């Protein structure tokens, strides 16, 4: 009642501004990195502008985007030349074949140990912390429904 009033107001303000200045959602997210050392994918930026993020997350992100706006209203060009060194935030994509191998291994063994994870990692050309996290999420998909 209090937040989603002023948040809904800001979302409209960021979209119009973004479009006025001819920026795309990726651009903004990518320039957030240039300005603040903390880059953001267009997905994030679209969810912000659409209010699909949780309230805390909107609130955590408002100060960055507020800061972005007030930068764009003056030196718009030196942004359009600074963005287009990484604090990226990777997300591993795994090959359909490799994601299925891991599937086979699960459901016959839902909670492997570190001694399994290691062989599986080098076997499929993956880092170990990937396979490890993979299993935990796969388990969480189980307990989901």
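Residue numbers count along the first chain shown, from 1.
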property	result
Unresolved deposited residues in the interval that joins residue 57 and residue 58	none
Mean C-alpha B-factor comparison - 2-10 and 136-144, higher one	2-10
Of 100-108 and 43-51, the stretch whose C-alpha atoms average the higher B-factor in the entry	100-108
Options 94, 30, 86, 64 - largest CA temperature factor per the record	86
Residue 119 by Cα B-factor - lowest, middle or highest third of the modelled chain	highest
CA B-factor placement of residue 69, once the chain's modelled residues are sorted into thirds	middle
